[PDB]
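Asker: sequence and experimental coordinates follow.
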Amino acid sequence: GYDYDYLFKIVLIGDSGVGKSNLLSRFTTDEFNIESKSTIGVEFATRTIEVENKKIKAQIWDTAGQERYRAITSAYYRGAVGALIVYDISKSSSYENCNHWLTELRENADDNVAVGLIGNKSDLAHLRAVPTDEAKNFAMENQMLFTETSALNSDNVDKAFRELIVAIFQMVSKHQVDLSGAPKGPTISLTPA
Amino acid sequence: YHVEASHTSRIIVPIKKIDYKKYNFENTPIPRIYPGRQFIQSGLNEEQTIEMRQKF
């Protein structure tokens, strides 16, 4: 089972009630210890994908601090080489907190970390409260990848996550070389007396 | 009406009343003079948007 060459830590962070719990169900595997969201601060998910003929394991930490997890949520960004900021385009309050989350990441998370942006529940165009233009403009300033995801518009988050993994692997990978007519016969002693 | 410089002159122009029976301003959304733009809700309940629509 332990065949994956690299283990990347990713944090799925966003405002409470945004819908992260439904979001990761698409690009994650739903088995093992489910729930445990409030037990410590996090719920865990795993994904395996091959990049440049090298297996990569990605572990997703969807932390969420309600009122108790002040220092613990901070400690949970100890070595996250990736992050997946999420907001809902229904209420501008979730979008307004994106800068605060990004500040927490870039202050506490791993140095020079690659971070993306996700707009959930885009199918609900009835109550759209944030435009894509402003989202892209805010993404440009902090060199973040950006997309919008929905249940009906599925399979885009999978491509975005794979693209984020590829971006990480092309930046935290040290180049290696593929290291894989010997003599045969009866030898004769030649050491001096 | 001869209006000299820097002197306001009140003009009276009568109007026939508009009758709601044959205009239906209650349900007639304000035109978007540059359509083909992303839709964003300004945010207004029925009681306020109907008022603003009638005024416009």
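Answerer: Sure, I can see it. Residues are numbered from 1 along each chain as shown, chains lettered A, B, ... in the order given.
Asker: which part of chain A gets nearest to chain B, residue-wise?
Answerer: Of all residues in chain A, residue A:131 sits closest to chain B, at 5.0 Å by C-beta to the nearest C-beta. The C-beta positions use only the backbone N, C-alpha and C, and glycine is treated the same way.
Asker: the spatially closest residue to that residue that is not a sequence neighbour in helix, strand or coil?
Answerer: Closest residue to residue A:131 apart from its sequence neighbours, by C-beta to C-beta, 6 or more residues apart in numbering or on different chains: residue B:38 at 5.0 Å. For residue B:38, the assignment made with DSSP: H, G, I helix; E, B strand; the rest coil gives coil.
Asker: tell me which residues touch residue B:38, please.
Answerer: A:131-133 (C-beta atoms under 8 Å, 6 or more residues apart in numbering or on different chains).
Asker: give me the number of residues near residue 33?
Answerer: All of this is about chain A. When neighbours are counted by other C-beta atoms under 10 Å in any protein chain shown, residue A:33 registers 8.
Asker: you answered for a different chain; I wanted chain B.
Answerer: 5.
Asker: could you say which helix or strand holds it?
Answerer: Using DSSP states H and E, residue B:33 maps to neither a helix nor a strand.
Asker: can you check residue A:166 too?
Answerer: Here residue A:166 is assigned to helix A:156-169, by DSSP H and E.
Asker: show me what that helix is packed against.
Answerer: strand A:6-11, strand A:44-50, strand A:55-61, strand A:82-88, strand A:114-120, strand A:145-148 (3 or more C-beta pairs under 8 Å, 6 or more residues apart in numbering or on different chains; DSSP states H and E).
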